[PDB]
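S.K.: Please read through the structure below; I'll follow up with questions.
Just so it is clear, none of the values below were taken in a lab; they were calculated from the coordinates. With ideal geometry, Cβ positions are generated from the backbone for all residues, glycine too; neighbour counts draw on all protein chains shown.
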Amino acid sequence: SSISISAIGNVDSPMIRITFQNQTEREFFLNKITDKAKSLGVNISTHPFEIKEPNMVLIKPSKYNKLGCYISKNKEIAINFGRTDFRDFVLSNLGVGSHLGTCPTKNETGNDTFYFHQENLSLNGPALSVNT
């Protein structure tokens, strides 16, 4: 059930690459997040998650498409998830501990977003292994 997570692309169009061990693991995750997003009124019908072969889910770039990956003002890999509960759900189900980044809570600014600490994930840098 181990998962690899990398940040990929360029500064204008950064993405997250999530690699699963097999297609069944990927499908299991996708079913979970689609059901959760629907329950929270978060529209993920075409953005930001996209499947790629083999065994991958990409988180596409945020645009102005508010959801998705962007480079923060502090040069951090950030992901906007629209709603706090959706962010928390996706991170938990990926095995990404909140300690790996800035993860504002409740009513704090950026409560819908996760910001990877620079020392943990960088653009086109090595992958992180989680859920091991």
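S.K.: Rounded to whole Å and ordered largest first, report the semi-axes of the equivalent ellipsoid of the chain derived from its Cα gyration tensor (root of 5λ).
M.R.: Output for the chain: semi-axes of 19, 18, 15 Å.
S.K.: Between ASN43 and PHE28, 0.36 nm times their residue separation minus their Cα-Cα distance comes to what? Walk me through the intermediate numbers first.
M.R.: Values: separation 15, 0.36 × 15 = 5.40 nm, distance 1.89 nm.
Here the answer is 3.5 nm.
S.K.: Please report the antiparallel percentage of DSSP beta bridges with both residues in the chain, rounded to the nearest 5. Could the numbers behind the result be given before it?
M.R.: Numbers: 26 of 28 bridges.
DSSP beta bridges in the chain are roughly 95 percent antiparallel.
S.K.: What does the charge add up to near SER129, with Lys and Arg as +1, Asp and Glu as -1, over the other residues with Cβ less than 15 Å from its Cβ?
M.R.: Values: positive: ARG17; negative: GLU25.
Around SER129, the surrounding residues sum to 0.
S.K.: For the pairs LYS38/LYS73; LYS75/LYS106; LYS32/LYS73; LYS52/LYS106; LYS36/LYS75, flag any whose C-alpha to C-alpha distance is greater than 26 Å. Walk me through the intermediate numbers first.
M.R.: Numbers: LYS38/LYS73 30 Å; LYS75/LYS106 24 Å; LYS32/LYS73 31 Å; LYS52/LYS106 33 Å; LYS36/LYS75 30 Å.
Beyond 26 Å: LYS38/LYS73; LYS32/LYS73; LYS52/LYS106; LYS36/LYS75.
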